[PDB]
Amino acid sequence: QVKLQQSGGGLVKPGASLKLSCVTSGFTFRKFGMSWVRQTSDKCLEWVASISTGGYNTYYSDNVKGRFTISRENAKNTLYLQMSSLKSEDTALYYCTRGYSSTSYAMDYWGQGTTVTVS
C-alpha cells in the first residue's frame, strides 16, 4: 500500500542540473525520514542524502555535498533531490527511499528507480 512514485531523470551533459521527484502515499509522510540512494554501474549501492521529518536536518555523502540539495514539502508528500554541476561520476539509478522507523534511516520502502546519465 506504501507507494513511492519517482520522476524526473534523463541524460544530461556535464555541468547540468536535474530535479528528481518522489511522491509518496500510504503513510503519514511527515512521520518518516526519507533518503536517496544510487546504484552505480557496478551494482554497488551508495547513499546520497537523508532528511529528517520536518526537513531541519539533512545529511549528504562527501561526494555530493554542496552540489546536491535534498528537500521535502510535507503538505504535498514529496521528496526532491536538486542536483547541480552534474559530473559523469553521478551516472547511476537513483532511488527514493523511506527510513523504517524514527531513529533510523535504514530503508524499508524503495522507489522504482530513476536513471540520470551524464554524458
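Start at 1 with the first residue shown and count on from there.
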item: Of 27-35 and 51-59, the stretch whose C-alpha atoms average the higher B-factor in the entry; value: 27-35
item: Of 60-68 and 39-47, the one with larger mean CA B-factor; value: 39-47
item: B-factor third for the C-alpha atom of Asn74 within its chain; value: middle
item: Chain third (lowest, middle, highest) by recorded CA B-factor, residue given as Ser101; value: highest
